[PDB]
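The file entry.cif comes next; it holds mmCIF, C-alpha atoms (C1' of nucleotides); chains and numbers go by the auth columns.
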data_target
#
loop_
_atom_site.group_PDB
_atom_site.id
_atom_site.type_symbol
_atom_site.label_atom_id
_atom_site.label_comp_id
_atom_site.label_asym_id
_atom_site.label_seq_id
_atom_site.Cartn_x
_atom_site.Cartn_y
_atom_site.Cartn_z
_atom_site.B_iso_or_equiv
_atom_site.auth_seq_id
_atom_site.auth_asym_id
ATOM 1 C CA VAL A 1 27.277 44.944 -8.220 0.00 149 C
ATOM 2 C CA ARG A 2 27.780 41.169 -8.297 0.00 150 C
ATOM 3 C CA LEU A 3 26.921 39.461 -5.014 0.00 151 C
ATOM 4 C CA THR A 4 29.659 37.127 -3.831 0.00 152 C
ATOM 5 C CA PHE A 5 30.867 34.968 -0.991 0.00 153 C
ATOM 6 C CA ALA A 6 33.943 32.853 -1.738 0.00 154 C
ATOM 7 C CA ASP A 7 32.421 29.937 -3.641 0.00 155 C
ATOM 8 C CA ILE A 8 28.932 31.303 -4.314 0.00 156 C
ATOM 9 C CA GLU A 9 28.443 33.924 -7.041 0.00 157 C
ATOM 10 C CA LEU A 10 24.946 35.414 -7.332 0.00 158 C
ATOM 11 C CA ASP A 11 23.994 37.926 -10.020 0.00 159 C
ATOM 12 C CA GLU A 12 20.634 39.666 -9.666 0.00 160 C
ATOM 13 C CA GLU A 13 20.259 40.960 -13.220 0.00 161 C
ATOM 14 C CA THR A 14 20.726 37.609 -14.985 0.00 162 C
ATOM 15 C CA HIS A 15 19.104 35.557 -12.190 0.00 163 C
ATOM 16 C CA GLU A 16 21.257 32.477 -11.612 0.00 164 C
ATOM 17 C CA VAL A 17 23.948 31.346 -9.171 0.00 165 C
ATOM 18 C CA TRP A 18 27.433 29.905 -9.767 0.00 166 C
ATOM 19 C CA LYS A 19 29.659 27.634 -7.658 0.00 167 C
ATOM 20 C CA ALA A 20 33.060 28.773 -8.957 0.00 168 C
ATOM 21 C CA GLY A 21 31.704 28.483 -12.487 0.00 169 C
ATOM 22 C CA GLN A 22 28.865 26.021 -11.785 0.00 170 C
ATOM 23 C CA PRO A 23 25.378 27.453 -12.418 0.00 171 C
ATOM 24 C CA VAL A 24 22.240 25.953 -10.947 0.00 172 C
ATOM 25 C CA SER A 25 18.578 26.875 -11.388 0.00 173 C
ATOM 26 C CA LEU A 26 16.716 27.599 -8.114 0.00 174 C
ATOM 27 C CA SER A 27 13.029 28.162 -7.162 0.00 175 C
ATOM 28 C CA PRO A 28 11.963 31.854 -6.724 0.00 176 C
ATOM 29 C CA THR A 29 11.387 31.496 -2.932 0.00 177 C
ATOM 30 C CA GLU A 30 14.798 29.843 -2.478 0.00 178 C
ATOM 31 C CA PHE A 31 16.333 32.448 -4.806 0.00 179 C
ATOM 32 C CA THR A 32 15.117 35.347 -2.665 0.00 180 C
ATOM 33 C CA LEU A 33 16.244 33.432 0.425 0.00 181 C
ATOM 34 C CA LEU A 34 19.740 32.938 -1.013 0.00 182 C
ATOM 35 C CA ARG A 35 19.985 36.551 -2.211 0.00 183 C
ATOM 36 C CA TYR A 36 18.938 38.078 1.110 0.00 184 C
ATOM 37 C CA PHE A 37 21.278 35.633 2.840 0.00 185 C
ATOM 38 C CA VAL A 38 24.285 36.570 0.706 0.00 186 C
ATOM 39 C CA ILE A 39 23.744 40.299 1.182 0.00 187 C
ATOM 40 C CA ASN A 40 23.941 39.567 4.948 0.00 188 C
ATOM 41 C CA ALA A 41 27.089 37.429 4.986 0.00 189 C
ATOM 42 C CA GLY A 42 28.469 36.790 8.460 0.00 190 C
ATOM 43 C CA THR A 43 25.355 38.166 10.173 0.00 191 C
ATOM 44 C CA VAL A 44 22.742 36.173 12.072 0.00 192 C
ATOM 45 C CA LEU A 45 19.220 36.480 10.673 0.00 193 C
ATOM 46 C CA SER A 46 16.450 35.310 12.963 0.00 194 C
ATOM 47 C CA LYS A 47 13.320 33.449 11.897 0.00 195 C
ATOM 48 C CA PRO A 48 11.040 36.540 12.054 0.00 196 C
ATOM 49 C CA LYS A 49 13.547 38.426 9.883 0.00 197 C
ATOM 50 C CA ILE A 50 13.539 35.585 7.366 0.00 198 C
ATOM 51 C CA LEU A 51 9.769 35.177 7.268 0.00 199 C
ATOM 52 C CA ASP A 52 8.980 38.896 7.133 0.00 200 C
ATOM 53 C CA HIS A 53 11.424 39.634 4.324 0.00 201 C
ATOM 54 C CA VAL A 54 11.581 36.579 2.045 0.00 202 C
ATOM 55 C CA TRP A 55 7.958 35.633 2.632 0.00 203 C
ATOM 56 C CA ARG A 56 5.263 38.248 2.953 0.00 204 C
ATOM 57 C CA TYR A 57 4.158 39.405 6.393 0.00 205 C
ATOM 58 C CA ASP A 58 0.743 37.717 6.187 0.00 206 C
ATOM 59 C CA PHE A 59 2.331 34.265 6.168 0.00 207 C
ATOM 60 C CA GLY A 60 0.053 32.670 8.756 0.00 208 C
ATOM 61 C CA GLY A 61 1.515 29.171 8.565 0.00 209 C
ATOM 62 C CA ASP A 62 4.086 27.374 10.667 0.00 210 C
ATOM 63 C CA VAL A 63 7.786 28.126 10.457 0.00 211 C
ATOM 64 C CA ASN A 64 9.370 24.824 9.264 0.00 212 C
ATOM 65 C CA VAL A 65 8.912 26.102 5.713 0.00 213 C
ATOM 66 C CA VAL A 66 12.205 28.003 6.071 0.00 214 C
ATOM 67 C CA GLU A 67 13.714 24.866 7.622 0.00 215 C
ATOM 68 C CA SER A 68 12.877 22.899 4.475 0.00 216 C
ATOM 69 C CA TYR A 69 14.201 25.673 2.229 0.00 217 C
ATOM 70 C CA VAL A 70 17.495 25.863 4.122 0.00 218 C
ATOM 71 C CA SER A 71 17.686 22.094 3.669 0.00 219 C
ATOM 72 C CA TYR A 72 17.146 22.614 -0.075 0.00 220 C
ATOM 73 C CA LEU A 73 19.883 25.245 -0.283 0.00 221 C
ATOM 74 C CA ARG A 74 22.260 23.100 1.776 0.00 222 C
ATOM 75 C CA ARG A 75 21.810 20.035 -0.412 0.00 223 C
ATOM 76 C CA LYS A 76 22.102 22.284 -3.487 0.00 224 C
ATOM 77 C CA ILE A 77 25.014 24.717 -3.000 0.00 225 C
ATOM 78 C CA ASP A 78 26.528 23.531 0.311 0.00 226 C
ATOM 79 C CA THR A 79 26.935 20.084 -1.319 0.00 227 C
ATOM 80 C CA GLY A 80 30.660 20.832 -1.429 0.00 228 C
ATOM 81 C CA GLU A 81 32.899 19.409 1.263 0.00 229 C
ATOM 82 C CA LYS A 82 32.814 22.530 3.452 0.00 230 C
ATOM 83 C CA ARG A 83 29.665 23.717 5.226 0.00 231 C
ATOM 84 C CA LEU A 84 28.834 27.397 4.672 0.00 232 C
ATOM 85 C CA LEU A 85 25.161 27.885 5.613 0.00 233 C
ATOM 86 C CA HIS A 86 25.567 27.149 9.307 0.00 234 C
ATOM 87 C CA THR A 87 22.719 27.202 11.823 0.00 235 C
ATOM 88 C CA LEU A 88 22.572 28.722 15.312 0.00 236 C
ATOM 89 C CA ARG A 89 19.974 26.756 17.258 0.00 237 C
ATOM 90 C CA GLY A 90 17.042 28.843 18.424 0.00 238 C
ATOM 91 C CA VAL A 91 18.450 31.916 16.670 0.00 239 C
ATOM 92 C CA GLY A 92 18.758 31.560 12.909 0.00 240 C
ATOM 93 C CA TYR A 93 21.092 30.925 9.978 0.00 241 C
ATOM 94 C CA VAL A 94 24.353 32.439 8.693 0.00 242 C
ATOM 95 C CA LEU A 95 26.306 31.809 5.500 0.00 243 C
ATOM 96 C CA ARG A 96 30.014 31.894 6.349 0.00 244 C
ATOM 97 C "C1'" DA B 1 63.633 161.669 -51.998 0.00 1 J
ATOM 98 C "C1'" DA B 2 61.390 162.439 -56.964 0.00 2 J
ATOM 99 C "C1'" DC B 3 58.869 159.873 -60.761 0.00 3 J
ATOM 100 C "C1'" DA B 4 55.681 156.963 -64.290 0.00 4 J
ATOM 101 C "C1'" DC B 5 53.058 152.126 -64.665 0.00 5 J
ATOM 102 C "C1'" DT B 6 49.417 147.032 -63.836 0.00 6 J
ATOM 103 C "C1'" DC B 7 46.046 144.637 -60.633 0.00 7 J
ATOM 104 C "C1'" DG B 8 40.499 143.377 -57.324 0.00 8 J
ATOM 105 C "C1'" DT B 9 36.164 144.892 -57.428 0.00 9 J
ATOM 106 C "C1'" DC B 10 32.143 145.794 -58.794 0.00 10 J
ATOM 107 C "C1'" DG B 11 28.458 146.052 -61.799 0.00 11 J
ATOM 108 C "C1'" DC B 12 26.160 144.301 -65.645 0.00 12 J
ATOM 109 C "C1'" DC B 13 24.562 140.946 -69.351 0.00 13 J
ATOM 110 C "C1'" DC B 14 23.420 136.550 -71.445 0.00 14 J
ATOM 111 C "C1'" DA B 15 22.507 131.309 -70.948 0.00 15 J
ATOM 112 C "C1'" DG B 16 20.675 127.190 -68.334 0.00 16 J
ATOM 113 C "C1'" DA B 17 19.727 124.108 -63.277 0.00 17 J
ATOM 114 C "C1'" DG B 18 16.367 122.309 -62.173 0.00 18 J
ATOM 115 C "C1'" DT B 19 12.128 123.270 -60.431 0.00 19 J
ATOM 116 C "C1'" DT B 20 7.677 124.362 -60.539 0.00 20 J
ATOM 117 C "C1'" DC B 21 3.479 124.592 -62.989 0.00 21 J
ATOM 118 C "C1'" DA B 22 1.143 122.066 -65.620 0.00 22 J
ATOM 119 C "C1'" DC B 23 -0.405 119.523 -70.437 0.00 23 J
ATOM 120 C "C1'" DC B 24 -1.343 114.083 -72.587 0.00 24 J
ATOM 121 C "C1'" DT B 25 -1.267 108.447 -72.502 0.00 25 J
ATOM 122 C "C1'" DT B 26 -1.449 103.101 -70.976 0.00 26 J
ATOM 123 C "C1'" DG B 27 -0.466 99.512 -68.299 0.00 27 J
ATOM 124 C "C1'" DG B 28 -3.008 98.800 -65.447 0.00 28 J
ATOM 125 C "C1'" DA B 29 -5.375 96.538 -60.084 0.00 29 J
ATOM 126 C "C1'" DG B 30 -8.756 94.607 -59.557 0.00 30 J
ATOM 127 C "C1'" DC B 31 -13.638 92.705 -60.225 0.00 31 J
ATOM 128 C "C1'" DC B 32 -16.029 89.508 -62.150 0.00 32 J
ATOM 129 C "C1'" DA B 33 -17.168 84.970 -65.098 0.00 33 J
ATOM 130 C "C1'" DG B 34 -16.186 80.431 -66.177 0.00 34 J
ATOM 131 C "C1'" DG B 35 -14.086 75.673 -65.742 0.00 35 J
ATOM 132 C "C1'" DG B 36 -11.894 71.974 -63.991 0.00 36 J
ATOM 133 C "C1'" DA B 37 -9.604 68.258 -60.782 0.00 37 J
ATOM 134 C "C1'" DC B 38 -9.005 67.405 -56.243 0.00 38 J
ATOM 135 C "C1'" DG B 39 -8.673 66.494 -52.051 0.00 39 J
ATOM 136 C "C1'" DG B 40 -11.664 65.835 -48.462 0.00 40 J
ATOM 137 C "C1'" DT B 41 -15.365 62.979 -47.311 0.00 41 J
ATOM 138 C "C1'" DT B 42 -18.197 58.874 -47.074 0.00 42 J
ATOM 139 C "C1'" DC B 43 -19.247 54.503 -47.740 0.00 43 J
ATOM 140 C "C1'" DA B 44 -19.334 49.314 -50.137 0.00 44 J
ATOM 141 C "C1'" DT B 45 -15.820 45.444 -49.281 0.00 45 J
ATOM 142 C "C1'" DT B 46 -11.910 41.753 -47.575 0.00 46 J
ATOM 143 C "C1'" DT B 47 -10.469 38.327 -45.849 0.00 47 J
ATOM 144 C "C1'" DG B 48 -5.346 39.044 -43.061 0.00 48 J
ATOM 145 C "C1'" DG B 49 -5.432 39.241 -38.678 0.00 49 J
ATOM 146 C "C1'" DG B 50 -6.066 39.732 -33.518 0.00 50 J
ATOM 147 C "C1'" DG B 51 -8.099 36.529 -29.983 0.00 51 J
ATOM 148 C "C1'" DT B 52 -9.413 33.237 -26.369 0.00 52 J
ATOM 149 C "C1'" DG B 53 -11.092 29.901 -22.866 0.00 53 J
ATOM 150 C "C1'" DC B 54 -10.226 26.045 -21.636 0.00 54 J
ATOM 151 C "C1'" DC B 55 -7.359 21.919 -21.033 0.00 55 J
ATOM 152 C "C1'" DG B 56 -4.278 17.161 -21.873 0.00 56 J
ATOM 153 C "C1'" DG B 57 -0.772 17.464 -19.484 0.00 57 J
ATOM 154 C "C1'" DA B 58 4.118 18.134 -18.320 0.00 58 J
ATOM 155 C "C1'" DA B 59 6.801 19.860 -15.135 0.00 59 J
ATOM 156 C "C1'" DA B 60 8.112 22.987 -11.484 0.00 60 J
ATOM 157 C "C1'" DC B 61 7.025 24.212 -6.679 0.00 61 J
ATOM 158 C "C1'" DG B 62 5.324 25.028 -2.414 0.00 62 J
ATOM 159 C "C1'" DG B 63 4.550 22.776 1.572 0.00 63 J
ATOM 160 C "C1'" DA B 64 2.927 19.101 4.679 0.00 64 J
ATOM 161 C "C1'" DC B 65 4.202 15.059 7.128 0.00 65 J
ATOM 162 C "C1'" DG B 66 6.525 11.551 9.368 0.00 66 J
ATOM 163 C "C1'" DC B 67 10.565 10.243 11.480 0.00 67 J
ATOM 164 C "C1'" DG B 68 15.434 10.480 12.695 0.00 68 J
ATOM 165 C "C1'" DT B 69 19.592 13.359 15.376 0.00 69 J
ATOM 166 C "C1'" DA B 70 21.639 17.143 18.681 0.00 70 J
ATOM 167 C "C1'" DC B 71 23.387 19.741 22.317 0.00 71 J
ATOM 168 C "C1'" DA B 72 21.312 22.079 26.894 0.00 72 J
ATOM 169 C "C1'" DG B 73 19.758 21.664 30.827 0.00 73 J
ATOM 170 C "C1'" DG B 74 18.753 18.734 34.700 0.00 74 J
ATOM 171 C "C1'" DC B 75 19.368 14.776 38.082 0.00 75 J
ATOM 172 C "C1'" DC B 76 22.634 11.891 40.374 0.00 76 J
ATOM 173 C "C1'" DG B 77 26.370 9.835 42.611 0.00 77 J
ATOM 174 C "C1'" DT B 78 31.349 9.696 44.161 0.00 78 J
ATOM 175 C "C1'" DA B 79 33.075 5.548 51.297 0.00 79 J
ATOM 176 C "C1'" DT B 80 40.771 6.979 55.284 0.00 80 J
ATOM 177 C "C1'" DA B 81 39.585 11.016 57.645 0.00 81 J
ATOM 178 C "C1'" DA B 82 38.892 15.371 56.787 0.00 82 J
ATOM 179 C "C1'" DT B 83 33.733 18.184 63.350 0.00 83 J
ATOM 180 C "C1'" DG B 84 32.812 26.033 66.001 0.00 84 J
ATOM 181 C "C1'" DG B 85 35.081 32.996 60.312 0.00 85 J
ATOM 182 C "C1'" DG B 86 38.468 36.493 59.542 0.00 86 J
ATOM 183 C "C1'" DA B 87 38.209 41.415 59.796 0.00 87 J
ATOM 184 C "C1'" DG B 88 36.720 45.702 61.129 0.00 88 J
ATOM 185 C "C1'" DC B 89 38.542 50.072 62.115 0.00 89 J
ATOM 186 C "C1'" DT B 90 36.250 52.630 64.308 0.00 90 J
ATOM 187 C "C1'" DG B 91 39.212 61.680 64.862 0.00 91 J
ATOM 188 C "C1'" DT B 92 31.516 64.982 64.326 0.00 92 J
ATOM 189 C "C1'" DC B 93 28.585 67.613 66.688 0.00 93 J
ATOM 190 C "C1'" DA B 94 24.454 69.220 67.835 0.00 94 J
ATOM 191 C "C1'" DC B 95 21.193 67.117 70.825 0.00 95 J
ATOM 192 C "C1'" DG B 96 16.068 64.927 72.138 0.00 96 J
ATOM 193 C "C1'" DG B 97 14.724 61.503 74.059 0.00 97 J
ATOM 194 C "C1'" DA B 98 14.252 56.447 74.968 0.00 98 J
ATOM 195 C "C1'" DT B 99 16.633 53.349 77.289 0.00 99 J
ATOM 196 C "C1'" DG B 100 18.490 49.686 80.116 0.00 100 J
ATOM 197 C "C1'" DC B 101 20.008 50.356 84.944 0.00 101 J
ATOM 198 C "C1'" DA B 102 19.694 53.251 88.771 0.00 102 J
#
Please lay out the structure from this file as structure tokens.
Amino acid sequence: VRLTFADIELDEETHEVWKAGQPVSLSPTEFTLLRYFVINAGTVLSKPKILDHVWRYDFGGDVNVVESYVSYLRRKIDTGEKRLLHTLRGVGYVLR
DNA sequence: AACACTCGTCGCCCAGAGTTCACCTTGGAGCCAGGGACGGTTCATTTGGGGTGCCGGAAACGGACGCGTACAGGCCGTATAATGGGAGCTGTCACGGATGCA
């Protein structure tokens, strides 16, 4: 029941993430974003998918919020040499 | 084939099984009288405790905001000479009528 992808190890019940034994504390928004990324490993998720699921539907603001959060997650857990959370321009994001 | 003995069966006669019929007692079953203490109730405390609204403020956190970079798509130009397509395969018939020629 432990969510995994190679380096990243996310546990829902205890609510923190490991990088091969390296825990880091994340904000709730970014935590939901990372969780609902990891459960969709290798699959493209578009911006409406991201906003409707991680954020509530009634989010009436502009989209770059997810851009900033993906930047946060990249500088936090992608900070290893290899790049996992890749971006497909005009489509979305995939962790792979 | 001739001859002289011992055993059920019944009645009868006297004593009690045990049953009825029929006499005295005495532990009552309950009925009431009297006296707690008692547990249910109620009401005085009693301050031990729950409680809280707001903040100085410390720190996360959510996002705006400005400014860099990134391929995607578009425009543009290449100076020896290079000057009129391959290919299509066509076994129908009926037949009304226009139609280009009669």
**Asked** Which one is closest to residue 176 (chain C): J:48, J:61, J:86, J:68? Count only C-alpha atoms (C1' of nucleotides).
**Response** J:61
Quick one: contact table of chain C to chain J, 9 Å max, nearest atom pair and distance in Å to one decimal per residue, counting all atoms listed in the file, chain and number order, as a tab-separated table?
residue	atom	partner	partner_atom	distance
C:175	CA	J:61	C1'	7.2
C:177	CA	J:62	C1'	8.9
C:213	CA	J:63	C1'	6.9
C:216	CA	J:63	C1'	8.8
**Message:** I'd like the contact shell of residue 158 (chain C) - 12 Å cut-off, all atoms listed in the file, skipping same-chain residues fewer than 3 positions apart - returned as a ChimeraX atom specification.
**Reply:** /C:149-155,161-174,179-187,225
Selection from above, C-alpha atoms, as an mmCIF file, in the frame of the given file, can you write it?
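Output below, filename selection_9.cif:
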data_model
loop_
_atom_site.group_PDB
_atom_site.id
_atom_site.type_symbol
_atom_site.label_atom_id
_atom_site.label_comp_id
_atom_site.auth_asym_id
_atom_site.auth_seq_id
_atom_site.Cartn_x
_atom_site.Cartn_y
_atom_site.Cartn_z
ATOM 1 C CA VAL C 149 27.277 44.944 -8.220
ATOM 2 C CA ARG C 150 27.780 41.169 -8.297
ATOM 3 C CA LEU C 151 26.921 39.461 -5.014
ATOM 4 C CA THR C 152 29.659 37.127 -3.831
ATOM 5 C CA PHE C 153 30.867 34.968 -0.991
ATOM 6 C CA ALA C 154 33.943 32.853 -1.738
ATOM 7 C CA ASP C 155 32.421 29.937 -3.641
ATOM 8 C CA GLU C 161 20.259 40.960 -13.220
ATOM 9 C CA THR C 162 20.726 37.609 -14.985
ATOM 10 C CA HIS C 163 19.104 35.557 -12.190
ATOM 11 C CA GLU C 164 21.257 32.477 -11.612
ATOM 12 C CA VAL C 165 23.948 31.346 -9.171
ATOM 13 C CA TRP C 166 27.433 29.905 -9.767
ATOM 14 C CA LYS C 167 29.659 27.634 -7.658
ATOM 15 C CA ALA C 168 33.060 28.773 -8.957
ATOM 16 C CA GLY C 169 31.704 28.483 -12.487
ATOM 17 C CA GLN C 170 28.865 26.021 -11.785
ATOM 18 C CA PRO C 171 25.378 27.453 -12.418
ATOM 19 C CA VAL C 172 22.240 25.953 -10.947
ATOM 20 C CA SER C 173 18.578 26.875 -11.388
ATOM 21 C CA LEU C 174 16.716 27.599 -8.114
ATOM 22 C CA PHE C 179 16.333 32.448 -4.806
ATOM 23 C CA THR C 180 15.117 35.347 -2.665
ATOM 24 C CA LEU C 181 16.244 33.432 0.425
ATOM 25 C CA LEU C 182 19.740 32.938 -1.013
ATOM 26 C CA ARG C 183 19.985 36.551 -2.211
ATOM 27 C CA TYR C 184 18.938 38.078 1.110
ATOM 28 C CA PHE C 185 21.278 35.633 2.840
ATOM 29 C CA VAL C 186 24.285 36.570 0.706
ATOM 30 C CA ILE C 187 23.744 40.299 1.182
ATOM 31 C CA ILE C 225 25.014 24.717 -3.000
#
**Message:** As an exercise, work out the distance from CA of residue 211 (chain C) to CA of residue 194 (chain C) in Å and give it to one decimal place.
**Reply:**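 Rounded to one decimal, the two atoms are 11.5 Å apart.
Pairwise distance (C1' of residue 57 (chain J), CA of residue 178 (chain C)) equals 26.2 Å.
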**Item:** Ground truth for the PyMOL selection byres ((chain C and resi 195) around 12), written as a count of residues only
**Value:** 27
**Request:** May I ask for the distance between CA of residue 221 (chain C) and CA of residue 191 (chain C), given in Å to one decimal place?
**Result:** 17.5 Å
